[PDB]
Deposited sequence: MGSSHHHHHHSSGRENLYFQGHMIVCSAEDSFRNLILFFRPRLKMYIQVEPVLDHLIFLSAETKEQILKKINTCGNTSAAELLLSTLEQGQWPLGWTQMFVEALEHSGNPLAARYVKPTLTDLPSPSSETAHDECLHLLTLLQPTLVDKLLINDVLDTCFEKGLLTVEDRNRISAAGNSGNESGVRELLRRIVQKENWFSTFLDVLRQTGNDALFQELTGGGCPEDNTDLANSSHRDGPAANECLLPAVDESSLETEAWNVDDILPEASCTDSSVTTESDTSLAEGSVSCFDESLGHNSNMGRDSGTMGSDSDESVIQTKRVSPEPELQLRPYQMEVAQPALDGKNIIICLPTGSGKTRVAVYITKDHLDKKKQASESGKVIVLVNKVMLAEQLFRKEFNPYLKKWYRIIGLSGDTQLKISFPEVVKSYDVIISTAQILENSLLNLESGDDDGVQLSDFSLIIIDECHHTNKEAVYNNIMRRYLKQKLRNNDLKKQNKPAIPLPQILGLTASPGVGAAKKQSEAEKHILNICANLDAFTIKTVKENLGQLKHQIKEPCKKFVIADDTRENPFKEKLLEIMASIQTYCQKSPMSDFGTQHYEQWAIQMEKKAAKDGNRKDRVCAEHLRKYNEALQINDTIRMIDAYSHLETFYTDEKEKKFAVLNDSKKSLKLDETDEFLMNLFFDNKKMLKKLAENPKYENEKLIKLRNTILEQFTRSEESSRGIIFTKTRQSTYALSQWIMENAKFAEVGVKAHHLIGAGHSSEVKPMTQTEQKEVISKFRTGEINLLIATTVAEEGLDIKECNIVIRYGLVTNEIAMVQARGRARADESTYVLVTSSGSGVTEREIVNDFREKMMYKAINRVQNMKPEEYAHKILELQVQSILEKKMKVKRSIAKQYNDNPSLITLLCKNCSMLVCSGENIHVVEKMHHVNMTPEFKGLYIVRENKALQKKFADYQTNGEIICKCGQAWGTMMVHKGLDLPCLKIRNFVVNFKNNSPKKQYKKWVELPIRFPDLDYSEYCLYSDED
């Protein structure tokens, strides 16, 4: 396994047992450097005939799969055992056994963290860093806070301090493994001065217990040989603002801010909370409606107003369906007022919609851009909805199709934001098409920025964040941060070893003590653990919905209300298991058909709590917030 010279120089310190960091520009193939380090370390242990283990940690499963497929296994098919562990891949043997075998391991951090926790717990599945003899970490820049990498390494730091104390006062010391570190760039965060950036670098080193940073400052020639611009370009709004002012007058609400900013939205949420604490109308409901209107304004500021019309149409059609279902099996004055205030203008609002806008300007830019050019293209943005809007809008246009510009959307897989997520398989398929060429342009929020193997891209356009385009100053600050980070690395590399040791030791002690106080506060957090001390009410209509003892739990994850008395209250809806709404139209939850039972599961976000101590109402957004515990459902009862 031949190694490049610039790679060779940086790798040399690690071959001597030094736990260091190794940061190289993207495209330099530092993965092969890690493979060489691994092979050399395992050969050294073979010569010494000792436990040779490596645990490669990557924050994304895609990276573990790629490393198994391309770099580690092919180069080590013959000598050693390898396994591409991950959480999504179903294995048949537990993790401790994988440690007892499979000399070389590619995994994901939180799996190892879970195994360590189980060791600390009573699950009896044990594993310790002492078992491993070397640890390799990818994207070390994420080891800056209580993330998984730092959570793993803090245990190692604590054990190292205990080992120092034992050494000084005792003969035996628990062995600890070597620690390698890889990263495209150490990064700088919340830095305004060289001093702050240097403090950040020292913090990263202390978290990784590194000895020194390593870069290539002598063989830059072939590196530059292998590794190789900012361009910048209504009546519907005021009509909607008029409606907003009218509803404010109807509600006697003082915004204190303008329309189309996070300040107004935050105030709306705060007033919604207050209204829920008062059990009053025209405040909570109007708070939600103003939230929706402000969202419409914000999207219109960057997206065609047709999409704001679609958003409002979906919202009010859902409201109509809710009220119609309520009528089955009357309407409040507030609901009547708001719905009539909307519907009376919906048709004319749409009429305004078609009238011609950052969108048209961006179109004018990109159509001109595509005349130059194989062709490739990328677009960045913020919201998931914006991606769908741009995709369908560019599909509607005929000029792009005439040029042959085929575009497709791309987003993450998180189940949030009330948008259809994209699965990992679909992301893989889309990227494969992009490589093949079935799609000429990509629209991504942040996925294509890192992780996804997107390359040979001529155009990269950022819309509201190798030609580079930024449609809408941030590039200047980004370049300044890059330069400051490089200078900080240069300084830190050139430092007295003892001063560096003292500083990193102080930082390690600080981190450990902070974690100790975090543990103390977390333990002190939950203290009540009461069976039934509350009552749940509908936040819109301050009516009794549930008691504290009639609730039960399934899977220790879902909370349900089995009592027949409760079932006479809610209503069911479904369109395209089923959704559960109030008598007032407020959503309550979902009908889960689990274990041969039709459990009406409910969510806490949409209810309000009333303690038996008459304490003020509260909103939680999550069950775990309160410390009181509920009993687990017993199927013997209700079996019937």
Lining up the deposited sequence with the coordinates, I want the ranges that have no C-alpha atoms.
1-327, 556-559, 565-569, 666-670, 698-701, 719-720, 813-830, 838-844, 949-959, 1024-1028
